[PDB]
């Protein structure tokens, strides 16, 4: 409930997208995919998670539309 999956960005833009999502809470940790266009972000709180989720379908950096959903990856 503190964890979200952010997706839909190219590898070159990953660190630009993490700084955008760092705005919404003091991120504890993030896990990047080997090949995938996604990352798992752990926030401090549900409320922070909820603010990242509200960004689902929004455009970052003029040209990157971004998906955000509740993290379901159990290992992480």
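Residue numbers count along the first chain shown, from 1.
Two stretches are in play, 16-24 and 56-64, and the higher mean C-alpha B-factor belongs to 56-64. Ranked within its chain, residue 41 lands in the lowest third, by CA B factor from the PDB record.
Sort the modelled residues of the chain by CA B factor and residue 29 lands in the middle third. In the PDB entry, a CA B factor belonging to the highest third of its chain's modelled residues is recorded for residue 76.
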